[PDB]
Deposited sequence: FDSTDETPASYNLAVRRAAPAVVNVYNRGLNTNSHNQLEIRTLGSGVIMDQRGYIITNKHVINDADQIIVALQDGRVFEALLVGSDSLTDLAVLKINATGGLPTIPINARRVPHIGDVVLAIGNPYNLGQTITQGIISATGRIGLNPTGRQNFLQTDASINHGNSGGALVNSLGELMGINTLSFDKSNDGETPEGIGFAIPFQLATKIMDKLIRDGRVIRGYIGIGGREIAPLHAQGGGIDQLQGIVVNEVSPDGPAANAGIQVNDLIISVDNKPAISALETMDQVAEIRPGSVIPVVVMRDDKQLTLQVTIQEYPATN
């Protein structure tokens, strides 16, 4: 008799998380009067100030943005900003009385093989899928990086895109992002540490400002010094203006040893334009320290 027994379930993560996952409506005004729904999507309430993360593609060209909570409350939202490269956008609502927020543990380290649920709220019940973390993502902002997504075999679709990816404790692991283009059975999410970083940037600047040094190049035992060889230098770029030349060997950027081309470019992307930084190079078996003014990455 199974009357006595308890079914295997992830319902606990759902109870803790789902209340913070909202419906997001993109509404157009036809010139008739009338209000019609252009598209629908999911979003996640990040804190008690009423900031919400959703997908950019859900809110593009909205005349009015409406947010609906599982508890019945309906709000008009303000668009704070968005980013095409990560397909994220931030909204703000003004709420009296408390808001449910997504559980976030900043100390939690995501592990490959961890169980995850992808929680949507397309029509408001909710659409929820289960899978594991297939690959952890990087949290870099360099525009050319392909590795800044968490991968999962939990199904990511129009139902749950823009909603929350959580572990079995209901802690946020990422923001679901539908792929418009990769292996069958693999979906993607923005890692939660990258998503909060992007939110903070949108809140202060209204957009994600990426740093640029204008250099292409590739990496060269412990007794050999690692570095990045300069393959090409962008005309009228920061490096070119500072006197950096092809075949230079970059051993240091802004006081950080340059041992990896990928790490150093994510490093530069975080540096605010107008910043003046030292870059140490090896040329003709001599050390040169050059002063470089960072610019904004070209569109």
query: Missing stretches, numbered from 1 on the deposited chain sequence and kept in order; finding: 1, 35-36, 128, 186-191, 231-238, 318-319
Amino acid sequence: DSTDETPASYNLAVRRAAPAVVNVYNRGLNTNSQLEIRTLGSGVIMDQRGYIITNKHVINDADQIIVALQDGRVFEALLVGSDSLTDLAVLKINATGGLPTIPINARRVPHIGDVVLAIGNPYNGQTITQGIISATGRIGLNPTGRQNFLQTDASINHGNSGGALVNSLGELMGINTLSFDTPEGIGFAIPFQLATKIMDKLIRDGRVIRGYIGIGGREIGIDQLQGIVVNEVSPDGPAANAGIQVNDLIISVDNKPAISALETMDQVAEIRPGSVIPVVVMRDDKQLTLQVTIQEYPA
From here on, numbers count along this sequence of modelled residues.
| item | value |
| --- | --- |
| Entry-level comparison of average CA B-factors, 68-76 and 169-177, reporting the higher stretch | 68-76 |
| 255-263 set against 237-245, stretch whose average Cα temperature factor tops the other in the entry | 237-245 |
| Residue, from 114, 87, 223, 153, that the PDB entry assigns the highest Cα B-factor | 223 |
| Candidate set 148, 127, 134, 193 [ranked by C-alpha B-factor, highest] | 127 |
| Third of the chain's Cα B-factor distribution that residue 102 belongs to, per the entry | middle |
| Third assignment of residue 212 from its chain's C-alpha B-factors | middle |
| Chain third (lowest, middle, highest) by recorded CA B-factor, residue given as residue 206 | middle |
| Ranked C-alpha temperature factor of residue 46 among modelled chain residues, by third | lowest |
| CA B-factor placement of residue 122, once the chain's modelled residues are sorted into thirds | highest |
